[PDB]
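Take a look at the structure set out below.
Per chain, numbering begins at 1; letters A, B, ... match sequence-line order. When a ligand or atom number is given, it counts from 1 through the structure's own listing order.
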Amino acid sequence: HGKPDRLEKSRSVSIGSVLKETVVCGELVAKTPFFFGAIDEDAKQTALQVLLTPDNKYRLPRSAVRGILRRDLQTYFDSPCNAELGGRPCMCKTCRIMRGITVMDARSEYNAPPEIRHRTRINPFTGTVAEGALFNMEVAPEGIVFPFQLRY
Amino acid sequence: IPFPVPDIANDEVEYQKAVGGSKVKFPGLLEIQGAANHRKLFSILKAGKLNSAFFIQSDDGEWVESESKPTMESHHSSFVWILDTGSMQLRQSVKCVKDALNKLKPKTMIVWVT
Amino acid sequence: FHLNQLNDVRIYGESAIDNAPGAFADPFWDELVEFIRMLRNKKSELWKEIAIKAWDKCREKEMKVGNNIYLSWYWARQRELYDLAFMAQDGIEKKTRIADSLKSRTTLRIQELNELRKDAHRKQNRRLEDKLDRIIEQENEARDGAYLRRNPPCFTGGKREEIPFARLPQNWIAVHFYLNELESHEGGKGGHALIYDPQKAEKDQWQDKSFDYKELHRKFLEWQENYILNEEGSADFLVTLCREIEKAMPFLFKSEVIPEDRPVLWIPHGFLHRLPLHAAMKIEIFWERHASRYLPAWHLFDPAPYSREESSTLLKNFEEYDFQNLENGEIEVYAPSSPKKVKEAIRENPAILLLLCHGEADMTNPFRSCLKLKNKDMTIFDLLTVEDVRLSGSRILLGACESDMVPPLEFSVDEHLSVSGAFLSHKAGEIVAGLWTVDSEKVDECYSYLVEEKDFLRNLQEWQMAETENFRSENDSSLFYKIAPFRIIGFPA
Amino acid sequence: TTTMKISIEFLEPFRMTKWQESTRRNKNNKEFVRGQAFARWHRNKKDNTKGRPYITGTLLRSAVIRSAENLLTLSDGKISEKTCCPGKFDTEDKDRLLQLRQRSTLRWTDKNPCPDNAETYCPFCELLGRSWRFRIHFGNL
Ligand SMILES: [Zn+2]
Ligand SMILES: [Zn+2]
């Protein structure tokens, strides 16, 4: 858990009277199957599990979308952010943009059950399955459409 | 009376709005009695962005730097008025004009007022 | 100690320190500081003896740390021991030695690597050059917090002589700063200015002036954040900060502390490396009384002659603006300059080198601060890995914005690794650079005068004073924001 | 006093903190301090998980204060014919406060805050409650 700093110093900052809001609307369309991992501790039969809503719709969560936005912004600027949790807000160019961004959590109309994939690992010496290396995976199909809304 | 020692004035000066992390030309020398270029100059001096200095001819015949200020908006009959954006460049060019009169940096201009 | 056998406390404590382990990762070093704090909190007179011996041992063994990575990881945790020894010690000169031993310990090692690369190049020891490149690469990785797969290599040090304070020339004054965090946190003043006048009899040569730095640090942080977000709308906060300098350090404008019209050498500490101390504002500005010069640390003091080469160069990549005064000087101008041209000029040891380009200080990692050259940025990392560099005694004028700025963060050790600092680590004679954004017209008109009148110390002061008379007529914050950023770094012969 | 009924409608799934014993609801518990921006669980009786969720009025108050800072920034401090001072966010007995502000405060004037013994306080200081006694009281949701 992030620990806030109680010796942090106080600052007043102007930012100015000029302030605009931009709204972007669209769709995010699955061109491949996809996997947002989330395990139910009470469901043991399946090893790797997909995130669903309580009524079994597929969910594109806000947390993942923000994480991917921050990752791609650091890819654009080509400079990683090193800041730790806690203390005064980070002033790097990515954090300043992310502090203006808002994104909707989204879900699908499609609600059919996921696929189950077999997966295994091969021992390279013998050419046969390694000890213990049999497992299975839930996968969400391609073609699902999610609403997308971003604001800055 | 035409401006003495005209050899030393610049041909043109070009002032430009500065930049960091919009041009105006002048012919380098003006002669004036106590109109486009005059209004252009008046615009810059009202903007407040040119340093300047003056010479005055003392009774012994030599030009001396005047103790005076060109406030916005004596017996003497002619003035040499030197202007530059750079304070230190002005202090150099005023020396050059003192030597010329009693026997320039690129952004310096001269005005001869009569 | 619990048995009040104080002579045996002295004996065992001395025996423990004398046999201390080399590695600062060892838990011994935590226990020693806890022991000294226990003695101090019980108000035992033993605490001052033990603290000074502990500092001397710690100082002895910092010398054996092999690279900046281990230096940042493990030695950085021993700062509190220097605070304690600084409080134990009563002699002002010895206080100054304790203070100075904490400063610019990473820059010293970068300087020694730059020296090593010279010898490798002239002897074509290629495999040593690769080792030198690996250490800088791993240091760059460590400042990004990355995991290091291989143990970084170790380098023995240069001939680190202890510089006598007497080597300051007779007409100067030196001000040494120290910010004692422990004393500050306990509610004391915590800020100290140690002032050396070499013209007085030896018993009167040192003064120790102390001040409270909490509010000055707050106003610094406030200006810094407003600068990052606005930026030139921060001019009023700059004026506020410069007035706060004089509020915190009223002794700067007293002749019995700093005698009349003698030049001053600053040796800052902590966030004081970031401030324009030359612009402290009583209206009266400090630069009207004294000319100023900066060093990161006193053990870096090394006067050498200016370069003999009858050649100078101006490199420009700045096409928005016409530098009419610089481009009509006697120095030839090449534009638009690429990093290859900069690398070419840097191995000719020019008398004067001018660079006119945009610049940008990084927000996270110092090594990513850069100059904006034609088709590619040149970073501090690039400068510190140029194979062939010859700048001993050169004079360097950086027209770039933020060329003397560092990230808005506090690193684990005292350090100022700006672009100007990078050039100083290559043994440049003196560097002129900007603490924040610089105006192109002011750059033109200042550097033209400096190039014409080749005495930077006096000529920068004359330029600053000549601009101040236009400040007084209206006290415009925007004009002060344009005069203030320039400062000189280094101390030539 | 006059009462203003309010309701909050969520458009997304909201987050909720894990319930903790009263010996652990203090500044030295990282888990409790991290959860202070979420909803809460209330147990009807401490030895049973049976309960229901709720939101503190303090959290809504903090969000409203941030919103008021932004609005006053856009109006250059004007609200009707009145003008707001910078507010006051400075407490001498720090250890009273479970949380301390880490972000910077938005600025719209150089003027100092209202005196602590004044009779008349600007609207922002009324909203801060600076004018057992409340002027604007936020209940739980
Ligand atoms: Zn960041
Ligand atoms: Zn108020």
Handout entry: Any N, O or S atom of D/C84 closer than 2.8 Å to the Zn ion (ligand 2)
Key = no
Problem - Side chains of C/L216 and C/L241 in contact at under 4.5 Å (non-hydrogen atoms) - result: yes
Exercise for the section: Indicate whether the side chain of D/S67 and that of D/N70 have a donor and an acceptor atom separated by less than 3.5 Å. Expected result: no
Handout entry: C/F486 and C/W436 aromatic centres sub-6.0 Å
Key = no
Practice task
Angle at the Zn ion (ligand 1): provide the value between SG of A/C90 and SG of A/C95, rounding to 10 degrees.
Solution key: 110°
Fill in the blank from the handout: SG (D/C114) to the Zn ion (ligand 2) to SG (D/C125), nearest 10°, is 110°
Exercise for the section: Answer yes or no: are there more than 12 heavy-atom neighbours, outside D/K27 itself, under 6.0 Å from its atom NZ? Expected result: yes
